[PDB]
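Read the single chain below, which is given as structure tokens and is the form deposited in one PDB entry.
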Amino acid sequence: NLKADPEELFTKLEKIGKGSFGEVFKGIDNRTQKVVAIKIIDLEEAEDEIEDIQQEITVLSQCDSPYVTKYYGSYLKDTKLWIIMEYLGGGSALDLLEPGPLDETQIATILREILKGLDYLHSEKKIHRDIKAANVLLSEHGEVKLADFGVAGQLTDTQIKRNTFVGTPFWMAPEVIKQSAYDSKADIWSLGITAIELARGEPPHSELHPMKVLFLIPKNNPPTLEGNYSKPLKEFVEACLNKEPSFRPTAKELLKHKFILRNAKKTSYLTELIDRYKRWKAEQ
């Protein structure tokens, strides 16, 4: 369902990011005047990532959830491919960390919405494989959605596990680094690392070279959350960061975890964080 002539339907506005894959622009849906995000990739300079792009578009085209960035479509325009998504204006969860620490209500609220996204994806037999705060985006009023499906994987009846080495090293599950047969439980490990990232501001080993953690993670005991945090938060992290994937809970099970039930509140309260970042960035 590749479409054509994107500028008949969208207005391309200013660059807002990226990067490695391509360049990302703000845009307008001319039909509704809603704002969109447009990733433009020139495919005559592709040339190996082309297979990954095809996979990314496939995954995007099959997702339909409040907890995953809304996909408008992929458009051919001469030599270039336009990947068009809803624009979320609140920043990423990583951005929201920059001015300072979160409290456990904010951490639980964000984790609960990530979990609803993971529950959705995993129920569709999809694996995100790059869960981290940078890939968790917020609307300007605090809605929280998963983004960047650039390395997302799909399980099928004939392929019940993946084994591809993808992800971001600090957040990668040990079985992914080992290139063992793995599934959605890899996302649950990454969620654990993300919980530490939300609590501490950065993942375990964050001051080491990424290549070095590739040997450390499979060997070392799993990270724990250290510091003056509630016991249920520490337990939530511990549950996620089990070396044996089958011992990790599902996303569905974690939604009922004491940490989430006791501390998560309305997403609209996250506007406080969004405002904090806006103030901070304006003074930086």
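Residue positions are given as counts along the sequence shown, with the first one as 1. Just so we're on the same page, rigid core means the largest C-alpha set that superposes within 1.5 Å between forms.
If you look for the form deposited in another entry, you will not find it shown, but the lines that follow are about it.
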When the rigid core of both forms is overlaid, which of 178, 80, 125, 205 is the one whose C-alpha moves 2 angstroms or more between the shown form and the other one? 80
Rigid core superposed, CA of residue 216 - does it shift 2 Å or more between the shown form and the other one? no
Using the core for the fit, does the CA position of residue 12 change by 2 Å or more between the shown form and the other one? yes
Using a rigid core superposition, assess whether residue 52 undergoes a CA shift of 2 Å or more between the shown form and the other one. yes
